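One structure below.
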Amino acid sequence: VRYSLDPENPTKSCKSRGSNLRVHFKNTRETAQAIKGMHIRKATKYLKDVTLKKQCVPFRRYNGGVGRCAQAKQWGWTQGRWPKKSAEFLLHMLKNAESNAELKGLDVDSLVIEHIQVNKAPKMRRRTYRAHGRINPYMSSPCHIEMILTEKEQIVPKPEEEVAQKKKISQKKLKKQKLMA
Amino acid sequence: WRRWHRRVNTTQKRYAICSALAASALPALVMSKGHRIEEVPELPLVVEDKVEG
Amino acid sequence: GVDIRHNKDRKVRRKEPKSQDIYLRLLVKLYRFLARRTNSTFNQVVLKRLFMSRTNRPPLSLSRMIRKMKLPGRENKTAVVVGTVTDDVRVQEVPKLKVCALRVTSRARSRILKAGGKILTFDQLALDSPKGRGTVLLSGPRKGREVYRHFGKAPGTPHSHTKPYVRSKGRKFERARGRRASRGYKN
Amino acid sequence: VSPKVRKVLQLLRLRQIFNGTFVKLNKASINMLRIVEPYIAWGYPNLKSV
Amino acid sequence: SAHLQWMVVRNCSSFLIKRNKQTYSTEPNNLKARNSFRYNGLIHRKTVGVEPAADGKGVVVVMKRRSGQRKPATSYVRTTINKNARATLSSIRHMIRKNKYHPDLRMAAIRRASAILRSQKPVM
RNA sequence: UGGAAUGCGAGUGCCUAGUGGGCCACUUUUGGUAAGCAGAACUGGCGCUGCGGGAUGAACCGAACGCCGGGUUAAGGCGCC
RNA sequence: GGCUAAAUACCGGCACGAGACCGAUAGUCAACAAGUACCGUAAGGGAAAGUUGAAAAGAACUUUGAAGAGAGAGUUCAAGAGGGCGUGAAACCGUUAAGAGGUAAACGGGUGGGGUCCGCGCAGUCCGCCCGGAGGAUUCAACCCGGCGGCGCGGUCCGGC
Ligand SMILES: [Mg+2]
Ligand SMILES: [Mg+2]
Ligand SMILES: [Mg+2]
Ligand SMILES: [Mg+2]
Ligand SMILES: [Mg+2]
Ligand SMILES: [Mg+2]
Ligand SMILES: [Mg+2]
Ligand SMILES: [Mg+2]
Ligand SMILES: [Mg+2]
Ligand SMILES: [Mg+2]
Ligand SMILES: [Mg+2]
Ligand SMILES: [Mg+2]
Ligand SMILES: [Mg+2]
Ligand SMILES: [Mg+2]
Ligand SMILES: [Mg+2]
Ligand SMILES: [Mg+2]
Ligand SMILES: [Mg+2]
Ligand SMILES: [Mg+2]
Ligand SMILES: [Mg+2]
Ligand SMILES: [Mg+2]
Ligand SMILES: [Mg+2]
Ligand SMILES: [Mg+2]
Ligand SMILES: [Mg+2]
Ligand SMILES: [Mg+2]
Ligand SMILES: [Mg+2]
């Protein structure tokens, strides 16, 4: 595994990545550019608003046909959308990265999204049936994502309503563990 | 049925054999062929018939 | 701009033998020096002919050499031909000749030598006749070739005795129409 | 250049522009100079010019 | 003869190097490593060769004896000169001029001997 | 006294590709009301050819072209562009 | 009416040998579960598709996640070789860095500015002879001995081929 960039101080950084993820590449490249440079607590808070349609992801490069909204004015841009799957996929990668920071004994409340890159993955093939007995591609556009988090001097403790939540138990995880045991 | 084979006149073939043998008695030509004959006593190098056995 | 045509600037003529023979080129080196460093035009003419192609160096028959070397005033001169001296069986008696040639056929050597004659090589002629003195330069017939039968006016034109190109020769091969008045016409 | 002018200019040896030659005058040559009249400037040179 | 043998090797020889618009000859007794009729060390009856001694002291002068042209073993006479720089050249100059042994190689031999001797000095 | 001037080295032989739609201008010229029309003679052009001028332009005017420095010109120009 | 071996032919078959042939879009359609998959009612039509590593040593174990996926750890010379894995181009794309941006971009000539690096620059060459100061010697010429070599019209020496 090689990342496009290298951490400046590897002892103060945590990595995360994912490949062949079935979330639109175009929506996700825009979503990642929004959180570039964000503090992790701010970044996590932001992506949850995007799911609730309380903050938009400005569509700056892949904006052909994208509509206008009042929340894109926050970014000095007229076009914005709320890609829910892109936000949710990045919330999982951030959660994985934050756990990686803990495994390395890093102050998770000081992490900043320093590098984040969305790459096109190999495209998955389906087909759609067209008029006059013709068949055309129906292609998914998955992506690879990689993010590096670094420590900075600004500290944001985690929200109170978030640290008080129960460690959710998954029955299906218990079943498999019992079967292995 | 490409024409793989060439007829060469007999007289010209024998000429070539004569020129190759004449050029084999000259140290310069044998040297220029890369042969290490800097110490062979003589050219042409004739050795008694015992070796045939 | 200068008003001149350039189609004739480059003269077509040999400056060296197309042949890669190393003995021919050693003679050309020899006669390059002689032609340059002597005022003899015989040296220049010989040098030129060493470049000439095979068909520009026709063979000289033994009979023709004797005929040209028998003319008055040519006694005790060296016959010089840049080419091959072939033999002529049609000759009965060969006199004593002194010849210089590039090649002499095996049977022409025995006949010339048996009569007391001498056969030189062009490197020996230079030592004997550096300027070409006392020589008789001789050439074989240049139009003595089957090709020159076919050149000239096309065979189907009036008073054109050119030889046509026919695969076979006989009554059935280009003799009917155009070659007799009975079939169309003749000319 | 017309074929007649072109031939007369080569005979005078004026094959290039601003080329100069001396010509000794007589009925044969004065009539040649008339043919190339549009293509030449000519006159009588004095000793210093020569 | 030399001229006949040059015509066979002038462009076909295992010693011929044609590279970078340059032509060289790597045979022994070639005082300039030059693919040339004059400096070819094989085709002439008499040749001069200058080489460094097996130990890095002095030069070895090679001259081709007259008699055994077809006998490579006895053809060449080797002489080792390990004198001072000026003395070495003087011997080489005399071995050529006084004997009239290829007088046209005199300076080529003398220039080669200087280059070999200069090479044998300590490297700075 | 190689018998006008001028200029110029010539002669000769084989093998031979492409081409065989052309078109334009001065002068001359047929048909047509005429045509940026159709058809001819002569030369020269474009085609195959850039370059300076004609703002622009196949052909007009000047002039034909290796890569450069200096100088001078042609046809054209010199209010500003 | 009739028979008859041999010398001759042989892109099928069995078994071999070789090559100035091709080298995975080539060479047979077929280097591989190819006359296979698949298409057509049928006669017929008919592909794509080779490569981890020397050796599976094919990544135990910890941790986040429902999982796919990750972060550590480990094997290996190398996973910067991780099971459609040798190398890994271009087009196309992500990000980073630098520069710039109203006559679409691109382009020829001439400079200028800025970077990337290179000279592995920064008191600037080397060589011969001669003059002079200081030194140090496997110390010079000339003669003697020995070896080798070139040439000799040795005006015409002997012997050899
Ligand atoms: Mg649109
Ligand atoms: Mg719409
Ligand atoms: Mg249908
Ligand atoms: Mg010119
Ligand atoms: Mg031309
Ligand atoms: Mg020509
Ligand atoms: Mg017309
Ligand atoms: Mg055309
Ligand atoms: Mg033309
Ligand atoms: Mg033009
Ligand atoms: Mg105008
Ligand atoms: Mg100029
Ligand atoms: Mg029968
Ligand atoms: Mg393949
Ligand atoms: Mg194939
Ligand atoms: Mg392929
Ligand atoms: Mg290939
Ligand atoms: Mg294939
Ligand atoms: Mg491959
Ligand atoms: Mg391997
Ligand atoms: Mg490697
Ligand atoms: Mg590898
Ligand atoms: Mg591969
Ligand atoms: Mg690979
Ligand atoms: Mg930028």
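By convention in this document, the chains of the structure tokens carry letters A, B, ... by their order, each chain's residues are numbered from 1, and ligands are numbered from 1 in the order they are shown.
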
Task: Env. residues ligand 1 / 12 Å / only C-alpha atoms (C1' of nucleotides) and all ligand atoms / as JSON, numbers by chain - done: {"A": [62, 63, 64, 65, 66, 67]}

Just N, CA and C atoms for this one: save the residues we selected as a compact mmCIF listing (two decimals), in the first residue's frame.
# COMPACT_ATOMS: atom_id res chain seq x y z
N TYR A 62 -17.63 19.11 -10.98
CA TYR A 62 -18.67 18.28 -11.57
C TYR A 62 -20.04 18.88 -11.24
N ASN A 63 -20.31 20.01 -11.87
CA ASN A 63 -21.49 20.81 -11.56
C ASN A 63 -22.47 20.90 -12.72
N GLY A 64 -22.24 20.15 -13.79
CA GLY A 64 -23.12 20.21 -14.93
C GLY A 64 -24.53 19.79 -14.59
N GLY A 65 -25.45 20.75 -14.57
CA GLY A 65 -26.84 20.50 -14.29
C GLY A 65 -27.22 20.55 -12.82
N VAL A 66 -26.24 20.63 -11.92
CA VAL A 66 -26.54 20.66 -10.49
C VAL A 66 -27.28 21.94 -10.15
N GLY A 67 -28.27 21.83 -9.27
CA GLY A 67 -29.13 22.95 -8.95
C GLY A 67 -28.51 23.91 -7.96

Task: Residue hits in chain C, query chain F, radius 10 Å, only C-alpha atoms (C1' of nucleotides), as a list in words - done: residues 1, 2, 147, 148, 151 and 152 of chain C

For N, CA, C and O atoms, I'd like the residues from the last selection saved as an mmCIF file, in the first residue's frame.
data_model
loop_
_atom_site.group_PDB
_atom_site.id
_atom_site.type_symbol
_atom_site.label_atom_id
_atom_site.label_comp_id
_atom_site.auth_asym_id
_atom_site.auth_seq_id
_atom_site.Cartn_x
_atom_site.Cartn_y
_atom_site.Cartn_z
ATOM 1 N N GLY C 1 18.345 36.151 -58.576
ATOM 2 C CA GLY C 1 18.290 34.896 -59.374
ATOM 3 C C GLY C 1 19.071 34.980 -60.663
ATOM 4 O O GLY C 1 19.110 36.024 -61.307
ATOM 5 N N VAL C 2 19.693 33.870 -61.039
ATOM 6 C CA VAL C 2 20.459 33.759 -62.272
ATOM 7 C C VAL C 2 19.680 32.879 -63.234
ATOM 8 O O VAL C 2 19.105 31.861 -62.835
ATOM 9 N N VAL C 147 22.478 -7.154 -78.749
ATOM 10 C CA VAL C 147 21.533 -6.097 -78.406
ATOM 11 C C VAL C 147 21.474 -5.045 -79.504
ATOM 12 O O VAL C 147 20.407 -4.505 -79.803
ATOM 13 N N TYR C 148 22.611 -4.724 -80.113
ATOM 14 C CA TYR C 148 22.623 -3.684 -81.130
ATOM 15 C C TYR C 148 21.860 -4.077 -82.382
ATOM 16 O O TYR C 148 21.570 -3.206 -83.204
ATOM 17 N N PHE C 151 18.292 -2.264 -81.921
ATOM 18 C CA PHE C 151 18.223 -0.830 -81.694
ATOM 19 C C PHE C 151 18.066 -0.087 -83.012
ATOM 20 O O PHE C 151 18.517 -0.544 -84.063
ATOM 21 N N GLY C 152 17.415 1.070 -82.943
ATOM 22 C CA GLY C 152 17.201 1.897 -84.112
ATOM 23 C C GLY C 152 15.738 2.202 -84.323
ATOM 24 O O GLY C 152 14.975 2.281 -83.359
#

Task: Selection as a list in words: residues within 9 Å of ligand 23 by only C-alpha atoms (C1' of nucleotides) and all ligand atoms - done: residues 51, 84, 85, 86, 87 and 88 of chain G

Could those selected residues go to a file with C-alpha atoms (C1' of nucleotides), as a PDB file, in the first residue's frame?
ATOM      1  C1'   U G  51       3.083 -15.150 -16.757  1.00  0.00           C
ATOM      2  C1'   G G  84      -6.857 -12.224 -13.547  1.00  0.00           C
ATOM      3  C1'   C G  85      -0.749 -11.071  -8.554  1.00  0.00           C
ATOM      4  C1'   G G  86       6.385 -10.433 -13.971  1.00  0.00           C
ATOM      5  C1'   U G  87       7.203  -5.670 -16.168  1.00  0.00           C
ATOM      6  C1'   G G  88       3.411  -1.972 -16.068  1.00  0.00           C
TER       7        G G  88
END

Open item on the list: Please return as a PyMOL selection string the residues found within 10 Å of ligand 9, counting only C-alpha atoms (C1' of nucleotides) and all ligand atoms.
Closed with: chain F and resi 45-49

Write a file of the selected residues as a PDB file, in the first residue's frame, keeping N, CA, C and O atoms (P, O5', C5', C4', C3', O3' and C1' of nucleotides).
ATOM      1  P     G F  45       7.159  32.480 -67.242  1.00  0.00           P
ATOM      2  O5'   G F  45       6.172  33.242 -66.260  1.00  0.00           O
ATOM      3  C5'   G F  45       5.651  32.601 -65.112  1.00  0.00           C
ATOM      4  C4'   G F  45       4.264  33.089 -64.803  1.00  0.00           C
ATOM      5  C3'   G F  45       3.459  32.198 -63.878  1.00  0.00           C
ATOM      6  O3'   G F  45       3.746  32.449 -62.516  1.00  0.00           O
ATOM      7  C1'   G F  45       2.155  32.767 -65.760  1.00  0.00           C
ATOM      8  P     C F  46       4.211  31.255 -61.559  1.00  0.00           P
ATOM      9  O5'   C F  46       2.842  30.628 -61.069  1.00  0.00           O
ATOM     10  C5'   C F  46       1.988  31.356 -60.208  1.00  0.00           C
ATOM     11  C4'   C F  46       0.617  30.749 -60.161  1.00  0.00           C
ATOM     12  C3'   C F  46       0.557  29.282 -59.786  1.00  0.00           C
ATOM     13  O3'   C F  46       0.608  29.064 -58.391  1.00  0.00           O
ATOM     14  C1'   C F  46      -0.753  29.654 -61.705  1.00  0.00           C
ATOM     15  P     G F  47       1.220  27.703 -57.814  1.00  0.00           P
ATOM     16  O5'   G F  47       0.461  26.568 -58.622  1.00  0.00           O
ATOM     17  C5'   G F  47      -0.903  26.283 -58.369  1.00  0.00           C
ATOM     18  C4'   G F  47      -1.405  25.192 -59.270  1.00  0.00           C
ATOM     19  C3'   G F  47      -0.698  23.857 -59.138  1.00  0.00           C
ATOM     20  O3'   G F  47      -1.231  23.109 -58.067  1.00  0.00           O
ATOM     21  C1'   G F  47      -0.934  24.427 -61.426  1.00  0.00           C
ATOM     22  P     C F  48      -0.370  22.021 -57.269  1.00  0.00           P
ATOM     23  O5'   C F  48       1.134  22.512 -57.348  1.00  0.00           O
ATOM     24  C5'   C F  48       2.082  21.979 -56.435  1.00  0.00           C
ATOM     25  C4'   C F  48       3.506  22.309 -56.801  1.00  0.00           C
ATOM     26  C3'   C F  48       3.824  23.795 -56.947  1.00  0.00           C
ATOM     27  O3'   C F  48       5.135  24.038 -56.456  1.00  0.00           O
ATOM     28  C1'   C F  48       4.427  22.673 -58.909  1.00  0.00           C
ATOM     29  P     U F  49       5.461  23.913 -54.893  1.00  0.00           P
ATOM     30  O5'   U F  49       6.022  25.350 -54.525  1.00  0.00           O
ATOM     31  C5'   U F  49       5.533  26.071 -53.403  1.00  0.00           C
ATOM     32  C4'   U F  49       5.492  27.548 -53.689  1.00  0.00           C
ATOM     33  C3'   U F  49       4.201  28.051 -54.329  1.00  0.00           C
ATOM     34  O3'   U F  49       3.829  29.305 -53.771  1.00  0.00           O
ATOM     35  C1'   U F  49       6.044  28.619 -55.696  1.00  0.00           C
TER      36        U F  49
END

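Using only C-alpha atoms (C1' of nucleotides), the shortest contact distance between chain F and any of D:34, D:6, D:22, D:11 is found at D:11.
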